[PDB]
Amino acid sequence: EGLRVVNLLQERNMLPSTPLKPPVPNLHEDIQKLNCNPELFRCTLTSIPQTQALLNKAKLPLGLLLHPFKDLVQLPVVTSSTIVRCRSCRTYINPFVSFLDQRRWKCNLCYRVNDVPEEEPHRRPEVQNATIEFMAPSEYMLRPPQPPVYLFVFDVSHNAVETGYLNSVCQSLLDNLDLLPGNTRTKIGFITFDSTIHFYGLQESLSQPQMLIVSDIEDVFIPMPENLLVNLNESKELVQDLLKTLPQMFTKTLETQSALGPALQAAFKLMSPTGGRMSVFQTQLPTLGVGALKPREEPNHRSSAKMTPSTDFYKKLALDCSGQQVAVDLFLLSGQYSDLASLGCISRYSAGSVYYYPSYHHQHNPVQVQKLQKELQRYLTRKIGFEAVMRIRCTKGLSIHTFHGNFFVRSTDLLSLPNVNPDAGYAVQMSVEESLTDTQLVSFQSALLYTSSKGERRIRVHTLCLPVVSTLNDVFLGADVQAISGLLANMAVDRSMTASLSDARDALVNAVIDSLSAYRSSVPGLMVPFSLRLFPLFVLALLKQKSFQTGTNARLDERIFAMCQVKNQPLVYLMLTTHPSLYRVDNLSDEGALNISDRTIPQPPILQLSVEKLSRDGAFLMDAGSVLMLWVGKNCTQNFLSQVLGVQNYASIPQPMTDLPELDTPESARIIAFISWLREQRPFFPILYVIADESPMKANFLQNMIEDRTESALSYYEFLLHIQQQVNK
């Protein structure tokens, strides 16, 4: 542990060999054992500053990062006939209240005393679990629970037909039709579009589906009152037939324009009466009708930081979908510029999310083909909640002032979530509106009201409790370096859209400068507290990431999609992306976790992201969260080539290698176990490709060695040198 002080100039090896654990709030033993899991709910400062003045002096951002709908191992479900809430601020009774009269409880957020209803009260499950799910009563619904409604909207233009994406998507829908969340009330629908809009009717009385073409692009309408959204249970056979015919109907298409705007307007009209989830697959710039977007020239390594949408059509449309409980998920499989900076608004403000597959092609791009396959598997089978809202409460004195993530902020800070999905993350920024001189603990409560895929109104509640400190040092001792990096990234993305990429990159650098300068003016080299010894490293990693990098050759839609991930992803996968984990894997052995039964999993140490840590003699696995890259050195041992890769020499390693073979060797068993254990830590199955040789030109592997200098960015050492010059200026 330690309250020690570190000189970043003399260490340079501060990154530990074992995974980073989130800090433990400085709380009494019995309080901390009840606290919310940090994977679900965590704060940038585990010790809340008592006043806004103290928060300002530390020059660190105060905020929460939440993963509210995350898949859980075990979830207590109270079905109580009554839900116990505070009569003033409607806070749910939670483990951190104060029982006094044993029939009266004091709210930990508004301090009002309440009456425990005749319904050992501190033994009740609502007071033993920081995370709990309630059944909602009749008053908590505006309407009967909506059924699950899935509408798939496919681009079928000539460019789309060429990518061949339709074949895999229709195959995944076929394989996963019985796994779609829902009961017998589930409805499914299909729309394709090119210059016109194509609905599909499904009837057991008709020999085949029927394609209904709306050609009036300026005045779309629903051509049929029934059978466009059909009951999946009743019409399973008709849906399966359609999915087999769709990839073959447009082989010889000469349509080259795409009317994405009008298609979404018709898709909205079709979903308006029920709500649900709308999956949109688009492969090019929208060029026809409302929502047309102008072409643009991609930047190169030479242009400086000189982002925002080009129209508000998709934001307005997304706002209308939010009002009807419709969420739009965007799958952009484009080979050229598509103005994602404007298309992304359809998902940001409707609580959807965007998935990007640059230069998808069924024959030319095997990596993107397998990536879409695996991401669609998760998309179609994960749990889902409909027509949802979220409220976030904190103790009197603390005020949320900025929200980050995919939703719509209604009045009085109701977060509107047409869909809630278990892979979405959110962030919130707060300030101390009133001095916390009164209390010594503060609490945070998020509550998610949603409709399950079974038709049951449920409320998921998480409650977090933290202590209040009154000195600069205690603020620094509780700092969570990763959560600070996450919130800063969300803030820099907003700064980019609001100002420029230069301003966002400056404010990121100045966050390190001002914080360490504040620390220095309150104690030669660059002295940081132990809890911030990775702060310049992660911030430098932020500045070389695809969201904020400068002198690189990055294309517009790449940068936008990297920002959309910052806004939407949970903290963990933002850390795995910004600062991938680097292990040596040609020499695994038996210091592992041999604990999980018959498996022995090696546990190689984490290396720092420098080419100095590589070796032409070995092999190195890089865990980047969504993908795993296995780099083989040119001078790699013959044991690793034959016993792990299945190849007699470096030259016969196939160019795209989409995975490792499973050979009958112990070295093979070790690396397969280590890789197995890595992807079991997550639901989004990450693809491994071993192709990163030194010659396949796929070694963007090196774009992640964030400690090394490049022609357009500093090294980690240069960075520390620049911080120090600014700190004691």
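The first residue of the shown sequence is 1; numbering continues from there.
Peer 1: Counting only residues from the deposited sequence, how many are left out of the model between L142 and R143 (none, 1 to 3, 4 to 9, 10 or more)?
Peer 2: Unmodelled stretch: none, continuous chain.
Peer 1: Select one of none, 1 to 3, 4 to 9, or 10 or more to describe the deposited residues without coordinates separating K306 and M307.
Peer 2: Missing in between: 1 to 3 residues.
Peer 1: On mean Cα temperature factor in this entry, is 534-542 or 408-416 the higher one?
Peer 2: Of 408-416 and 534-542, the stretch with the higher C-alpha B-factor average is 408-416.
Peer 1: Comparing 121-129 with 600-608, which has the greater mean CA B-factor as deposited?
Peer 2: For C-alpha atoms only, the mean B-factor is higher in 121-129.
Peer 1: In terms of recorded Cα temperature factor, pick the maximum from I48, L663, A53, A673.
Peer 2: When the deposited C-alpha B-factors of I48, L663, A53, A673 are compared, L663 is largest.
Peer 1: Maximum C-alpha temperature factor per the entry, among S350, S138, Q265, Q373, belongs to which one?
Peer 2: The record points to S138.
Peer 1: What third of its chain, lowest, middle or highest, does the C-alpha temperature factor of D474 fall into?
Peer 2: Answer is middle: the recorded C-alpha B-factor places it there.
Peer 1: Going by what the PDB entry lists, where does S668 fall on CA B-factor within its chain: lowest, middle or highest third?
Peer 2: As the PDB entry reports it, the C-alpha B-factor of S668 lands in the lowest third of its chain.
Peer 1: What third of its chain's C-alpha B-factors does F281 belong to: lowest, middle or highest?
Peer 2: Tercile = lowest for this residue's CA B-factor.
Peer 1: Of the three thirds of its chain by CA temperature factor, lowest, middle or highest, which one includes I691?
Peer 2: Answer is highest: the recorded C-alpha B-factor places it there.
Peer 1: How does the C-alpha B factor of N231 compare with the rest of the chain: lowest, middle or highest third?
Peer 2: Ranked within chain, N231 CA B lands in the middle tercile.
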